[PDB]
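The sequence shown: position 66 = 67 (PDB author numbering), numbered continuously.
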Amino acid sequence: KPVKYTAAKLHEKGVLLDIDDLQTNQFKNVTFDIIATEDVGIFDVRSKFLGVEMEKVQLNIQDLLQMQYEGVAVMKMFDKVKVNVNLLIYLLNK
């Protein structure tokens, strides 16, 4: 089943840098569900707010590794959600 993380936990870990327009003390109210897809190497990440799904993104491990090799440290995984590439790779793969 999905693995779930709050934005607060990801922020503590360094995976998450910030969420635009959301006060930091409200990060507990955002959760990210990480789901393996049928294609091994593609991950389905869902962004929830107060349990409501707001956005969904598919991430390809080869693309993330390419970013890493090219020195891209951070990325907007969702329109308002900034994440660290290296730590995201580890989160998806640990």
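Cβ atoms here follow ideal geometry from the backbone N, Cα and C, with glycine treated the same way.
Burial state of residue i, where buried means 16 or more other Cβ atoms lie within 10 Å
| i | result |
| --- | --- |
| residue 8 | buried |
| residue 11 | buried |
| residue 53 | exposed |
| residue 1 | Outside the displayed span of the chain (2 to 95) sits residue 1, for which this structure offers no information. |
| residue 38 | exposed |
DSSP three-state assignment for residue i, whether helix, strand or coil
| i | result |
| --- | --- |
| residue 38 | coil |
| residue 22 | coil |
| residue 45 | strand |
| residue 1 | The shown model of the chain, from 2 to 95, leaves out residue 1, and the question about it has no answer. |
| residue 82 | strand |
| residue 57 | strand |
| residue 5 | strand |
| residue 77 | strand |
| residue 51 | coil |
CB contact below 9 angstroms: residue i versus chain B
| i | result |
| --- | --- |
| residue 79 | The structure shown contains no chain B, having only a single protein chain. |
Whole-angstrom C-beta distance between residue j and residue i, which should lie under 8 angstroms
| i | j | result |
| --- | --- | --- |
| residue 81 | residue 34 | Actually they do not touch by this definition, with Cβ atoms about 17 angstroms apart. |
| residue 66 | residue 16 | About 16 angstroms; that fails the 8 angstroms criterion. |
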